[PDB]
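Data block below; observations after.
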Amino acid sequence: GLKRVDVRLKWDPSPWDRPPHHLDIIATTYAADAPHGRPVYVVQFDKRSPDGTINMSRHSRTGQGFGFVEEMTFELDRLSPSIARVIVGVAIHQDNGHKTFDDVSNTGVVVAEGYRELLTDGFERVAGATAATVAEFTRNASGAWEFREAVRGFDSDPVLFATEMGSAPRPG
Ligand code: NA
Ligand code: NA
Ligand code: NA
C-alpha cells in the first residue's frame, strides 16, 4: 500500500482592506480499537506528531507566498500498528469573523504519494464550510495503508474541527 504521502495547500492572502487569511492543514490519528473515537493526537503547525512520523516543512498564517505555502508529509509505514486510521483536512481561522472556503481565493489542496497524484481539490463542494476533511488513510487486513477521498464540510473553528473531523459521518 501507501508508504509515504504528502498534503500541500495554497491560498491567496487577503486585501489590504481585511485581516489575514489563516488556513491550517490539520491531521488526526485513530487507534485500531477505535477508528472513529477520540483522536490519539492532533498534528498541525503548532503541534508535532509525538512519534515523529509526520512533518511540516512549511506552513503559513497568511497565504502571502505563491504556490503551495503549507505542507504536511506522512510516513504512514512508520506509524505504530496500534494506529489504523488517519484523517487530514484544512481549517480556516474564525477569529476575524465567520469565514468559509468561498471567502478565500485560489484555495487548493493536492494529496500525493511521491509523483502519484491522489487528489487535487479547490474546495468548491464545500464552499460554505469553515473547515473540511480532504483524505482518509486506513490500514488493510494485511496492514497496508489505503487512501480514500473524504472531502466533507464542517462549520467549526480549527480546535473544535479537530475533535469532530474523525467522527463517523451520517449514512447517505
Ligand atoms: Na497555516
Ligand atoms: Na498564497
Ligand atoms: Na476558495
Considering only residues that are surrounded by 13 or more Cβ atoms within 10 Å (Cβ to Cβ) and closer than 12 Å to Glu149 by Cα, look in the range 110-129 and name the one that is farthest from ligand 1 (Cβ to nearest atom).
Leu118
Are there any pairs with C-beta distances below 8 angstrom linking a residue in the range 97-115 that is free of Cβ contacts under 8 Å to residues at least 40 places away in the same chain and among the acidic types (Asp, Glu) to a residue that is more than 10 Å from ligand 2 (Cβ to nearest atom) and not in a strand (DSSP E or B), with the two at least 6 apart or on different chains, and if so which?
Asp102/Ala127; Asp102/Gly128
Within the range 109-144, can you find the residues that are within 22 Å of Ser156 (Cα to Cα) and acidic (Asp, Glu)?
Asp121, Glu124, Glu136
The range 7-28 residues that are more than 16 Å from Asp102 (Cβ to Cβ), paired with ones that are within 13 Å of ligand 2 (Cβ to nearest atom) and among the basic types (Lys, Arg) (beta carbon under 8 Å, 6 or more apart):
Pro20/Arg61; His22/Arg61
Top-ranked residue of the range 33-65 - restricted to ones that are without any contact (Cβ under 8 Å) to a residue 60 or more places away in the chain and touching a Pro at 6+ places or on another chain (Cβ under 8 Å), ranked as surrounded by the fewest Cβ atoms within 10 Å (Cβ to Cβ):
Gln64
For the range 56-76, which residues satisfy the criterion of being under 17 Å from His93 (Cα atoms), within 16 Å of ligand 3 (Cβ to nearest atom) and assigned to a loop (DSSP other than H, G, I, E, B)?
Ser60, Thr62, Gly63, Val69
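Any read-out appearing in this document is the output of simple, stated calculations on the displayed coordinates, not a laboratory observation. Neighbour counts are summed over all protein chains in view; Cβ atoms, including those assigned to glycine, are modelled from backbone coordinates with ideal geometry.
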